[PDB]
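Visitor: Experimental structure and sequence below.
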Amino acid sequence: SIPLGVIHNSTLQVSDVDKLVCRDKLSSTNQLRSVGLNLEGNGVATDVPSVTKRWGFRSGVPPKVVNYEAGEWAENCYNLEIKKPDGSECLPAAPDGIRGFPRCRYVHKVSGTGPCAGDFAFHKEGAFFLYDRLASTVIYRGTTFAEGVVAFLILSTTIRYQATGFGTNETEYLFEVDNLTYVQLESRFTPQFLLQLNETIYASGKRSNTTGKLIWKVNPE
Amino acid sequence: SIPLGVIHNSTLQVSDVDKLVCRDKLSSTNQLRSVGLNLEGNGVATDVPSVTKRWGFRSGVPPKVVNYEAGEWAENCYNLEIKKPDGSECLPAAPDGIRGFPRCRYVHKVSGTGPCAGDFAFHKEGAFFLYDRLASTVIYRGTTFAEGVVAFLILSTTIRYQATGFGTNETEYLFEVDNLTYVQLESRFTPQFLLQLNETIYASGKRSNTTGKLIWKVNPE
Amino acid sequence: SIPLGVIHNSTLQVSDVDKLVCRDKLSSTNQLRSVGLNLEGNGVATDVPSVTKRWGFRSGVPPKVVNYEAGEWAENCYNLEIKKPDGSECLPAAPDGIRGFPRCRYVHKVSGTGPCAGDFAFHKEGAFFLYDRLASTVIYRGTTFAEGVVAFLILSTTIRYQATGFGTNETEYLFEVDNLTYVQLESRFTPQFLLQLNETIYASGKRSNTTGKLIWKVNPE
Amino acid sequence: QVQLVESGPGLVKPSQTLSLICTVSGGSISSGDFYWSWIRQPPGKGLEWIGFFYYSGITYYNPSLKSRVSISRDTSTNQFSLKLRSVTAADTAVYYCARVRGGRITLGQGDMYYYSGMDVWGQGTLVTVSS
Amino acid sequence: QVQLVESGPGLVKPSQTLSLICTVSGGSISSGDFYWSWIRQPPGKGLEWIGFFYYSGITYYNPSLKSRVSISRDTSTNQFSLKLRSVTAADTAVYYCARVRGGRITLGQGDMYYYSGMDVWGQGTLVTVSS
Amino acid sequence: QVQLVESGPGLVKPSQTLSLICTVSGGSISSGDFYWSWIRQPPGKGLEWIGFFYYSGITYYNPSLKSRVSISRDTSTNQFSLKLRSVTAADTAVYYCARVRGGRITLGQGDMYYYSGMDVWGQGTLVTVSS
Amino acid sequence: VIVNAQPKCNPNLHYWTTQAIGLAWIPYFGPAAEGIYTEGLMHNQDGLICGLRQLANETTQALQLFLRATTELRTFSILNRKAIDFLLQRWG
Amino acid sequence: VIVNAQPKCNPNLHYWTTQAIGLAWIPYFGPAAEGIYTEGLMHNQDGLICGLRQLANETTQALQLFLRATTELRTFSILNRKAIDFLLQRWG
Amino acid sequence: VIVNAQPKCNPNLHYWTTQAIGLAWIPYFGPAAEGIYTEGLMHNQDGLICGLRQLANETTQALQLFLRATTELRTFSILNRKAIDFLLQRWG
Amino acid sequence: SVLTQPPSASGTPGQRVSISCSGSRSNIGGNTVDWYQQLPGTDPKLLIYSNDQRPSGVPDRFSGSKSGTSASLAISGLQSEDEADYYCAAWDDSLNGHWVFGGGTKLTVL
Amino acid sequence: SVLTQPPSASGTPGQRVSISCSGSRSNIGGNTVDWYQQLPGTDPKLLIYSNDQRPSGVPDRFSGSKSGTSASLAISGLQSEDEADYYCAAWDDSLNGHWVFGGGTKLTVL
Amino acid sequence: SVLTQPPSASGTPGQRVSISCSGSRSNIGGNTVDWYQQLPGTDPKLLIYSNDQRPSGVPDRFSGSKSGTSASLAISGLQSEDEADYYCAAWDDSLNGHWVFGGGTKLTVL
Ligand SMILES: *[C@@H]1O[C@H](CO)[C@@H](O[C@@H]2O[C@H](CO)[C@@H](O[C@@H]3O[C@H](CO[C@H]4O[C@H](CO)[C@@H](O)[C@H](O)[C@@H]4O)[C@@H](O)[C@H](O[C@H]4O[C@H](CO)[C@@H](O)[C@H](O)[C@@H]4O)[C@@H]3O)[C@H](O)[C@H]2NC(C)=O)[C@H](O)[C@H]1NC(C)=O
Ligand SMILES: *[C@@H]1O[C@H](CO)[C@@H](O[C@@H]2O[C@H](CO)[C@@H](O[C@@H]3O[C@H](CO[C@H]4O[C@H](CO)[C@@H](O)[C@H](O)[C@@H]4O)[C@@H](O)[C@H](O[C@H]4O[C@H](CO)[C@@H](O)[C@H](O)[C@@H]4O)[C@@H]3O)[C@H](O)[C@H]2NC(C)=O)[C@H](O)[C@H]1NC(C)=O
Ligand SMILES: *[C@@H]1O[C@H](CO)[C@@H](O[C@@H]2O[C@H](CO)[C@@H](O[C@@H]3O[C@H](CO[C@H]4O[C@H](CO)[C@@H](O)[C@H](O)[C@@H]4O)[C@@H](O)[C@H](O[C@H]4O[C@H](CO)[C@@H](O)[C@H](O)[C@@H]4O)[C@@H]3O)[C@H](O)[C@H]2NC(C)=O)[C@H](O)[C@H]1NC(C)=O
Ligand SMILES: *[C@@H]1O[C@H](CO)[C@@H](O)[C@H](O)[C@H]1NC(C)=O
Ligand SMILES: *[C@@H]1O[C@H](CO)[C@@H](O)[C@H](O)[C@H]1NC(C)=O
Ligand SMILES: *[C@@H]1O[C@H](CO)[C@@H](O)[C@H](O)[C@H]1NC(C)=O
Ligand SMILES: *[C@@H]1O[C@H](CO)[C@@H](O)[C@H](O)[C@H]1NC(C)=O
Ligand SMILES: *[C@@H]1O[C@H](CO)[C@@H](O)[C@H](O)[C@H]1NC(C)=O
Ligand SMILES: *[C@@H]1O[C@H](CO)[C@@H](O)[C@H](O)[C@H]1NC(C)=O
Ligand SMILES: *[C@@H]1O[C@H](CO)[C@@H](O)[C@H](O)[C@H]1NC(C)=O
Ligand SMILES: *[C@@H]1O[C@H](CO)[C@@H](O)[C@H](O)[C@H]1NC(C)=O
Ligand SMILES: *[C@@H]1O[C@H](CO)[C@@H](O)[C@H](O)[C@H]1NC(C)=O
């Protein structure tokens, strides 16, 4: 029941299964491909709170994976280490055969807690979590993955964030500059804008002068 | 060397491999099936002592599995938790990819002990243990499975029992009514008949009046 | 891109992929084979120090396996239990699906230590480690394997050795006769010659007469 | 809790009927959900069961005594007794009254049985059979 | 370490301007990277903030007092003061001078703010407003 | 257990042959499966081996002494001795008799060797070479 | 043809199988695995049900030997192999 | 044909893929896995890139249901199945 | 053709392989895995044995690179892929 | 005295000891087997019931089993207070509910 | 006294107790919330800052949280020395940097 | 004195110390290396044999190794009783069975 596209002399055509197309030639399996695409390629928002809201927990639904031959580079790729409020892990560490997504400019790594009632976090729109070369229906712990889809055809830094309320609607995130230095995370800040905030604070030297961490408001101006 | 059957205009025919049958058409792989069948469908007895006697232990023989697309509902499906006489487990817990058989009216769950000299319990007639959708050459611990066979073609309650001598010829089983209430298990009692014994005892209230469990004989009449 | 050979009326021919050979007939998949070959079949030396030097450690390179239908018997097959200098294991125990190579006259089992900087020992010439029926890019601990290659076509004792410097260029090995009896291992000694040394010492009874082990020089004569 | 206390003549003559009575108190063996029995232990011997009686009127007897033993009770006195006709020298024994655990007895529709067995002993009365 | 010590008349008359001064020592609230403030606690009440002043000249005031309160300092004496015009009976309170943690204040290019908050209190001076 | 005890003149004259004898008891170095040796330690120096003898007649000598040293034994007395011809001032040393661990020696068909080495020392006899 | 020459045979079948659009197609909102099965009943029309039983009885022996000889612990390739042989025998 | 009828589409692609002779071909001497990828850029000539996005959007639904119905945790068989059906439809 | 152009070659082969009816076909009664192998010997008739050695020597390089580029840890698909390509090249 | 029991059993204090019992399918292989402990000079007490259950007051050293038409009592470290006449018993079905005791075993503590 | 606080709180020594705080998005849902402990007769001390950080000198029994426009102080086993007026506070953005305290909660140790 | 040894070695009590040895393939790289400990005023005792085996009576602090034509003695926490002249030795094959000792190392306990 899975659709396939083909490359014609004109454009990308639907590979039909009811009509046998006698102009479609396949001399070898080396003409077959599986390509990974990111959701950001269709305009989907990448800011952390706008991303985690699209993920959530379920149980009784076992995970499945498929592979890739090739795919898109991610501008924004994610890596989670989320614990339950009691300190236990939300997600199991990724299993053998899983390695992180191969190419990305910015990785958004989030350390934090929140309710995790299921076995796994599943994508709410049905998108796949993309690992090195495998797509998965679930998020695995500690592994870098892109958010996306797969098509079948016939022919770098990391930003750390802290989090609370990971599994809730009312949540909060911080951008990390230093161990005791945080700023409130806001959706108007792109990875570059956030790094500019890191340059400003780090360079001025006006960092926490107490034993605990302090959080900066960043003025909306 | 595996036989296959085909559906003809007449009946189920043998798919030959020496004669190329030019009237047998296969336009897609969606015409191919793997179907699970139960042994009870051929009149094989399902009463617990008449079932466990057909299973037994071996080592040096690794397990194998195959899958199903579809299959028969079981009237009688089994789930074992058998320990060795020293309290250790007879069988490993079922591995990833194994889930219990999907549909059954009565599950016969047995808690008990007996000799388990091998690595696994194998079927003595060569029948397969049927899990959710996988057939296996061995019984896995804690998982519900049906006893049966596979054909290839081209186109709910649980009763608990206690046991001793699980791996021996001279064995004994009990039907559980309550924690301290047991009756001797006898082959003339179908799941419904056994439940009628539970209704009689449970309702009369004449249950063990001591600290330990008592076992009822059930009069042969 | 993998070459295949075919059996012709003449000799073993190259199966071409650019020229469609219309004289090459394949009526069934039962004409396809995967055969394992040993490196000793091409004159590669089998004496332990001349073998271990061909193996070495790397990381960041995940292991892969393929199978066999058939293969060559090994005259010389190996089994390693090498620990790091600190007592930890160099290699993980072989995973499920791995069993030892099925047929061999002499197994060379080595117990010892040395540097093991990688995750796995890989073959330096790219040869595969051959297990029961699977070829692997890596050596697994405690499992007997042959050293060799695979071709695709269309149609017993154990000698124990001790070791030091396993992962170094400057290494030393001993042939074991008894718990306190060792002789220096030398490349001029074939398995039979080494066993003759065991017969001589064992029979004369002139074995270590102290609490520790003693090592015999074997005179070069 | 429930006492079962034997009483009888001590000395019984050969050929007469021996009659031993158990007095029960602290519960009611004669009318509650109990079996009770008589058991004897000849000196130097093991335990020989004589017979059972279930309060509603169900009895069982030792095959060697099926033609000789009768067990009955009076629910108005909570007493029960054992009668053995033609008592002989071989019957010298300590006779005991005994309780079968009560509330441990299932009697059903037909194809049902109990899960009962013995717990409480009386004290034992020695019966000597002699001239 | 840094002391902030309140001083004033104690008794202030209704309608005049109340003027309280804080003397600072052990550091320099008036010229280092600090905010400082005045807070008052009327007897039986909670803590009501009066106003903030950042050493470079940045101020904030309680809305109820925006038309009534002025905070200023002299970096040459390391003293600062609170002026409340038209003092009334409702203003009887213990007035405190207070320090906002220093070195905890980020002022940036525009779209930046601080991470500051309060730690050190002065002793408190009771101001009675009466005839 | 086995004693190896040195005896000799103490004072030996330059140019004569030095002859030291070891008396053995508690076992038999001279006839059992042993090597034995002579070793010397000049005052202030390390250990210099002189020569070996295997009871059956196998000898080895220090290259500097191959032309000067002879080791032999009498299995009838369980004694052995060291002879060094042309003794000189440079030969002043404590001379020791010593045992090579016995039962540690494999002599085979040709291409075989032993696994032996030293354990038991005698006491040492100082030999002074002088006029 | 395939004949179930044994003392007993159940003349019917009660089926389960894993053989619309909406959020149900998203694992997050869809049902747990016990709920992804469909079912139905069939009669032994033309002896097809009993013949199937014998097919499975013949298959068991071939299959146990087949599995014994392989390295694959989890083999789902049998139907694909049959499809390949089907075409090779005519177009090899 | 395949049409990406949604508000946004990236008109380009920056690719990575796993698609000479020497010691580099020996795992012992060759590179770690992060280094076995090749890359390049492509433009949305003839609307091909956006059409691919829609194909992946249609595929997602069919695929999630497909995977839901199977037993194979790691399924790499889809392209092989397509090759088999391709020939069977013409030469069945 | 395939030529083993190297200093040594063993001109023979001693084979093992996993290539009757009874209880032996039931895992419960049948032999342990070390006993499921058959064997035999063959001579280098027509140079076939040495040619096979070279084939394996050429294969090793192609295979190591192939495996490097995939995601499948346990790949038993090579012969099936070849069967598919065999037919596609003539009937694509 | 239908169920065969050894006439005696023995062991030292702390020794693991056991007493066998043997009948037929009408009794042991029929119903469950209970055991009683008769200390010298007194009546027997229920020691074991339903093959392996302990009556309140019976210590953990007492255990037992049933298999086929055989049964057994065991003491996991014999005490001096265990010198006793031990008996096995069950309902005898062939006699329509006859109560059967075994011969009785004299256990001696050494 | 903008941020709502209960007028009081209580518990026995060793009891886990807490004090709530409630405002709006201009304050609690804006900035972080600090807490102060005012022992009777003296000035308040910073007790908690940045929602859950302890000032040096503040014991481990003191903790807290922030969610939405609500906040909370908690004591993991109340001590008699904790009888105090507790206050929550944050910067109020709608008033352009107004410092806001809550009403103050009187915690009584029983 | 063919095998090179340092003239001395030292450390404090409890210090881990070692003594090196260096020869050729005819001796160290030939045969195994034994070590002896000569306490002041007496004969040397076998301390280590077959590279790392201890003679009965030798404590666990003594260990050693052999690699190539080099060898080493080590003491895993030096004792005052270990002040001694240490020697390495092996059979020298080039001289047809010549016994070779090293120079001797004076180990000083500080
Ligand atoms: C395949 O391609 C289609 C078509 O392009 C994509 O369709 C999107 O599907 C999602 C999920 O169903 C839709 O999301 C919904 O948005 C509603 C609000 O819409 C407005 O606001 C959003 C921004 O917040 C704008 O993007 C949008 O244009 C509107 O202005 C929400 O109210 C919905 O919430 C409810 O459903 C979700 C389901 O996950 C629940 O979690 C919520 O609790 C709640 O019940 C929902 O978020 C989206 O609007 C659709 N876009 C378009 C253009 O049609 C598929 O997502 C794509 N699939 C894959 C895998 O790539
Ligand atoms: C495929 O289809 C065939 C044909 O229908 C089935 O054949 C059965 O195979 C089993 C196993 O070999 C046979 O079982 C044997 O029964 C003997 C007694 O036979 C009588 O009593 C039984 C009931 O107990 C009746 O069902 C039967 O009709 C007779 O009246 C036993 O003595 C045998 O015991 C010996 O072999 C077993 C082997 O497992 C050992 O474990 C024992 O220790 C002992 O050595 C055995 O139990 C059965 O009789 C055959 N039936 C028929 C009709 O021929 C296949 O079983 C079926 N396979 C699968 C996987 O479905
Ligand atoms: C497929 O078939 C080919 C052709 O038969 C085989 O080719 C061999 O490949 C190995 C590895 O590259 C070569 O080994 C090299 O030998 C050099 C010395 O050569 C002389 O001495 C050896 C014995 O030591 C003799 O066998 C040889 O004939 C010469 O007389 C060494 O100096 C090389 O060392 C360097 O490279 C290795 C690479 O692993 C590093 O580890 C070292 O540190 C160092 O940098 C190396 O050992 C061998 O000479 C080639 N033989 C022939 C006949 O050409 C393939 O091995 C074979 N592949 C498989 C998988 O079967
Ligand atoms: C969603 O928000 C409401 C408040 O509007 C809250 O009561 C509810 O618990 C929240 N749900 C989750 C999962 O956070
Ligand atoms: C902030 O800038 C410094 C510049 O030296 C850099 O080292 C640090 O990693 C940057 N921090 C973050 C979170 O990017
Ligand atoms: C089978 O029964 C006999 C008694 O007839 C018994 O000796 C044997 O041990 C039993 N075997 C098993 C496995 O129980
Ligand atoms: C016995 O009947 C009761 C009726 O309430 C039921 O709850 C119980 O589960 C039944 N027991 C068994 C073993 O079926
Ligand atoms: C190789 O030998 C040299 C000496 O020639 C040595 O320094 C080096 O450490 C050795 N390398 C390894 C891995 O043993
Ligand atoms: C040495 O020979 C004996 C002969 O009895 C044999 O038992 C032993 O296994 C042999 N040792 C080795 C290492 O082969
Ligand atoms: C169980 O024993 C109690 C006394 O403890 C008694 O009241 C109750 O009736 C007994 N149960 C039965 C079924 O006789
Ligand atoms: C932090 O405190 C120290 C005194 O301990 C002071 O010297 C330093 O200037 C303060 N940092 C800032 C940024 O004011
Ligand atoms: C080993 O030592 C013992 C004395 O403890 C001796 O009797 C035996 O002969 C020695 N072995 C050899 C081979 O000399």
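Guide: Okay, I see it. Numbering: from 1, shown residues only, chains lettered A, B, ... in the order given. Ligands and ions are numbered 1, 2, ... in the order given.
Visitor: which residues touch the nearest residue to residue J:24 once chain neighbours are set aside?
Guide: Residue nearest to residue J:24 in three dimensions, not counting chain neighbours: residue J:69, with 5.2 Å by C-beta to C-beta, 6 or more residues apart in numbering or on different chains. Yep, even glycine has a C-beta here, placed from its N, CA and C like the rest. Taking C-beta atoms under 8 Å, 6 or more residues apart in numbering or on different chains as the criterion, residue J:69 is in contact with J:22, J:23, J:24, J:25, J:27, J:28, J:29.
Visitor: Mark which of these are buried, thanks.
Guide: Neighbour-count burial (16 or more other C-beta atoms under 10 Å in any protein chain shown) applied to the contacts of residue J:69 gives J:22, J:23, J:24, J:27, J:28, J:29.
Visitor: Okay, and the beta partners of residue J:75?
Guide: Assessed by DSSP bridges, residue J:75 has beta-bridge partners residue J:17, residue J:62.
Visitor: Equivalent analysis for residue J:21, please.
Guide: Counting by DSSP bridges, residue J:21 forms beta bridges with residue J:71.
Visitor: Near it, how many other residues are there?
Guide: By other C-beta atoms under 10 Å in any protein chain shown, the residues close to residue J:21 number 28.
Visitor: Dead centre of chain D: give me the residue that sits there.
Guide: Compute the mean C-alpha point of chain D, and by C-alpha atoms, centre = their mean the closest residue is residue D:38, 2.3 Å away.
Visitor: which one is that one nearest to, not counting chain neighbours?
Guide: Nearest residue to residue D:38, sequence neighbours excluded (C-beta to C-beta, 6+ apart): residue D:50, at 4.0 Å.
Visitor: List the residues that contact that neighbour.
Guide: Applying C-beta under 8 Å, 6+ apart, the residues contacting residue D:50 are D:37, D:38, D:39, D:40, D:61, D:62, D:65, D:69, D:71, D:82, D:84, D:95.
Visitor: Ok, residue A:137 next?
Guide: Residue A:137 makes contacts with A:61, A:63, A:64, A:65, A:122, A:123, A:128, A:129, G:27, H:64, H:67, as judged by C-beta under 8 Å, 6+ apart.
Visitor: again, only this time at 7 Å
Guide: Taking C-beta atoms under 7 Å, 6 or more residues apart in numbering or on different chains, we find residue A:137 in contact with A:63, A:64, A:122, A:128, G:27.
Visitor: and chain A, which residues reach chain K?
Guide: A:165, A:170, A:211, A:212, A:213, A:214, A:215, A:217 (C-beta under 7 Å from any C-beta of the partner chain).
Visitor: Max pairwise distance over the contacts of residue J:69: which two?
Guide: Longest distance between any two of the contacts of residue J:69 is 11.8 Å, between J:22 and J:25; criterion C-beta to C-beta.
Visitor: ok, back up a step: reformat the buried ones among the contacts of residue J:69 as a markdown table; add distance to ligand 8 and secondary structure.
Guide: Formatted as a markdown table, the buried ones among the contacts of residue J:69 follow (distance: C-beta to the nearest ligand atom, whole Å; DSSP: H, G, I helix; E, B strand; the rest coil):
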| residue | distance to ligand 8 | secondary structure |
| --- | --- | --- |
| J:22 | 73 | strand |
| J:23 | 76 | coil |
| J:24 | 78 | coil |
| J:27 | 78 | coil |
| J:28 | 73 | coil |
| J:29 | 73 | coil |
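Visitor: These into CSV, with extra columns for distance to residue H:39?
Guide: Conversion of the buried ones among the contacts of residue J:69 to CSV gives the following (distance: C-beta to C-beta, whole Å):
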residue, distance to residue H:39
J:22, 83
J:23, 84
J:24, 84
J:27, 84
J:28, 80
J:29, 78
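Visitor: between the residues you listed, which is nearest residue B:92?
Guide: Checking those against residue B:92 by C-beta to C-beta gives residue J:29 as the nearest, at 34.1 Å.
Visitor: Nearest residue to the closest one in space, please, no chain neighbours.
Guide: residue J:69 (4.0 Å).
Visitor: Contact residues of chain A facing chain G?
Guide: Selection of chain A residues close to chain G by C-beta under 7 Å from any C-beta yields A:56, A:58, A:60, A:61, A:62, A:122, A:123, A:124, A:125, A:126, A:137.
Visitor: Give me the buried entries from those.
Guide: With burial judged by 16+ other C-beta under 10 Å, the buried subset of these is A:56, A:58, A:61, A:62, A:122, A:123, A:124, A:125, A:126, A:137.
Visitor: Determine which two of the residues you listed are furthest apart.
Guide: The span of these, defined through C-beta to C-beta, is set by A:62 and A:125 at 19.6 Å.
Visitor: Pick out the residue in chain J sitting closest to chain A.
Guide: Closest approach between chain J and chain A, counting by C-beta to the nearest C-beta: residue J:60, at 38.0 Å.
Visitor: who's in contact with residue A:144?
Guide: Applying C-beta under 7 Å, 6+ apart to residue A:144 gives the contacts A:77, A:79, A:100, A:101, A:107.
Visitor: Give the burial count for the residue of chain J closest to chain A, as a bare number.
Guide: Using other C-beta under 10 Å, residue J:60 has 8 neighbouring residues.
Visitor: cool, residue A:198 as well?
Guide: Using other C-beta under 10 Å, residue A:198 has 16 other residues around it.
Visitor: same thing with residue A:187?
Guide: For residue A:187, using other C-beta under 10 Å, the count is 11.
Visitor: cool, residue J:8 as well?
Guide: Neighbours of residue J:8 using other C-beta under 10 Å come to 12.
Visitor: cool, and residue D:72?
Guide: As a burial measure, residue D:72 scores 13 neighbours (other C-beta under 10 Å).
Visitor: Same check on residue D:80?
Guide: By other C-beta under 10 Å, the residues close to residue D:80 number 24.
Visitor: residues touching it, list them.
Guide: Residues near residue D:80 by C-beta under 7 Å, 6+ apart: D:22, D:29, D:30, D:36, D:53, D:71, D:72, D:73.
Visitor: Can you turn the buried part of those into a PyMOL selection?
Guide: Here is the PyMOL command that picks out the buried ones among the contacts of residue D:80, judged by 16+ other C-beta under 10 Å:
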select buried, chain D and resi 22+29+30+36+53+71+73
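Visitor: Now for the closest residue to residue A:7 other than its chain neighbours: which residues touch it?
Guide: Spatial nearest neighbour of residue A:7, chain neighbours left out: residue A:155 (5.7 Å); criterion: C-beta to C-beta, 6+ apart. Applying C-beta under 7 Å, 6+ apart to residue A:155 gives the contacts A:7, A:31, A:33.
Visitor: Tell me the secondary structure of the residue in chain A that ligand 7 sits nearest to, please.
Guide: Taking C-beta to the nearest ligand atom, ligand 7 has its nearest neighbour within chain A at residue A:60, 24.3 Å off. Taken by DSSP: H, G, I helix; E, B strand; the rest coil, the conformation at residue A:60 corresponds to coil.
Visitor: Roughly how far does it sit from residue C:68?
Guide: From residue A:60 across to residue C:68, the span is 40 Å (C-beta to C-beta, to the nearest Å).
Visitor: cool, residue D:15 as well?
Guide: Taking C-beta to C-beta, one finds residue D:15 at 94 Å from residue C:68.
Visitor: and those two? which has more neighbours close in?
Guide: For residue D:15 and residue C:68, the more surrounded residue by other C-beta under 10 Å is residue C:68, and the numbers stand at 23 against 10.
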